[PDB]
Amino acid sequence: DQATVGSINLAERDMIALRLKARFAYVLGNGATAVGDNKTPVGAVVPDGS
Amino acid sequence: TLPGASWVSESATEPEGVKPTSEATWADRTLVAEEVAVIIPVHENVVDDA
């Protein structure tokens, strides 16, 4: 209710703004298995671009 | 001096959306003590004879 967000000074322009945030991480365990090294746990199904 | 208000519109980007700043003001009015005086000389014999 007081901040400047983008070019907008909220207090003077009589505006308010709901900031929202989250913090996320991702990892893939694409290591070795009993079968061998560098093994990928993901397969994909895709359309033809033609 | 008095402050002054304005009619304002609603806008994030245009100048007519910004609330005006203004100022009240005060000044000093002062008492300076100045002296008003007279001396009235008379002969001592005239005061004795009166």
# chains A, B, ... in the order shown; residues from 1 in each chain; ligands from 1
call {"tool": "interface_residues", "arguments": {"of": "chain B", "to": "chain A", "cutoff": "7 Å", "atoms": "only C-alpha atoms", "output": "PyMOL selection string"}}
result
chain B and resi 12+17-19
call {"tool": "select_by_dssp", "arguments": {"residues": "chain B", "states": "helix (DSSP H, G or I)", "output": "JSON, numbers by chain"}}
result
{"B": [15, 16, 17, 44, 45, 46, 47, 48, 49]}
call {"tool": "write_last_selection", "arguments": {"atoms": "N, CA and C atoms", "output": "CSV table (one decimal), in the first residue's frame"}}
result
chain,number,residue,atom,x,y,z
B,15,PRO,N,-1.2,11.7,-15.3
B,15,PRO,CA,-0.9,12.7,-14.2
B,15,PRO,C,-2.1,13.1,-13.4
B,16,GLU,N,-3.3,13.1,-14.0
B,16,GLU,CA,-4.6,13.4,-13.3
B,16,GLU,C,-5.0,12.3,-12.3
B,17,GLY,N,-4.3,11.1,-12.2
B,17,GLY,CA,-4.4,10.1,-11.2
B,17,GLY,C,-3.5,10.3,-10.0
B,44,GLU,N,15.7,73.8,42.2
B,44,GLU,CA,15.4,73.4,43.5
B,44,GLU,C,14.7,74.4,44.4
B,45,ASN,N,15.0,75.7,44.2
B,45,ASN,CA,14.4,76.8,45.0
B,45,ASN,C,12.9,76.9,44.6
B,46,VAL,N,12.6,76.7,43.4
B,46,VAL,CA,11.2,76.8,42.9
B,46,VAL,C,10.4,75.7,43.5
B,47,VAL,N,10.9,74.4,43.6
B,47,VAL,CA,10.3,73.3,44.3
B,47,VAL,C,10.1,73.6,45.8
B,48,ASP,N,11.1,74.2,46.4
B,48,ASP,CA,11.1,74.6,47.8
B,48,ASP,C,10.0,75.7,48.1
B,49,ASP,N,9.9,76.7,47.2
B,49,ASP,CA,9.0,77.8,47.4
B,49,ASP,C,7.5,77.4,47.0
call {"tool": "atom_distance", "arguments": {"atom1": "CA of residue 6 (chain A)", "atom2": "CA of residue 19 (chain A)"}}
result
12.1 Å
call {"tool": "atom_distance", "arguments": {"atom1": "CA of residue 4 (chain A)", "atom2": "CA of residue 20 (chain A)"}}
result
15.3 Å
call {"tool": "residues_around", "arguments": {"residues": "residue 41 (chain A)", "least_positions_apart": "4", "cutoff": "10 Å", "atoms": "only C-alpha atoms", "output": "compact mmCIF listing (two decimals) with C-alpha atoms, in the first residue's frame"}}
result
# COMPACT_ATOMS: atom_id res chain seq x y z
CA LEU A 28 16.05 -35.73 -11.44
CA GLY A 29 17.81 -38.89 -10.15
CA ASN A 30 19.19 -39.88 -13.60
CA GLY A 31 22.11 -41.96 -12.18
call {"tool": "select_by_dssp", "arguments": {"residues": "region 2-41 of chain A", "states": "strand (DSSP E or B)", "output": "PyMOL selection string"}}
result
chain A and resi 4-5+8-9+33+36
call {"tool": "residues_around", "arguments": {"residues": "region 23-38 of chain B", "least_positions_apart": "3", "cutoff": "7 Å", "atoms": "only C-alpha atoms", "output": "JSON, numbers by chain"}}
result
{"B": [1, 2, 3]}
call {"tool": "atom_distance", "arguments": {"atom1": "CA of residue 16 (chain A)", "atom2": "CA of residue 3 (chain A)"}}
result
8.6 Å
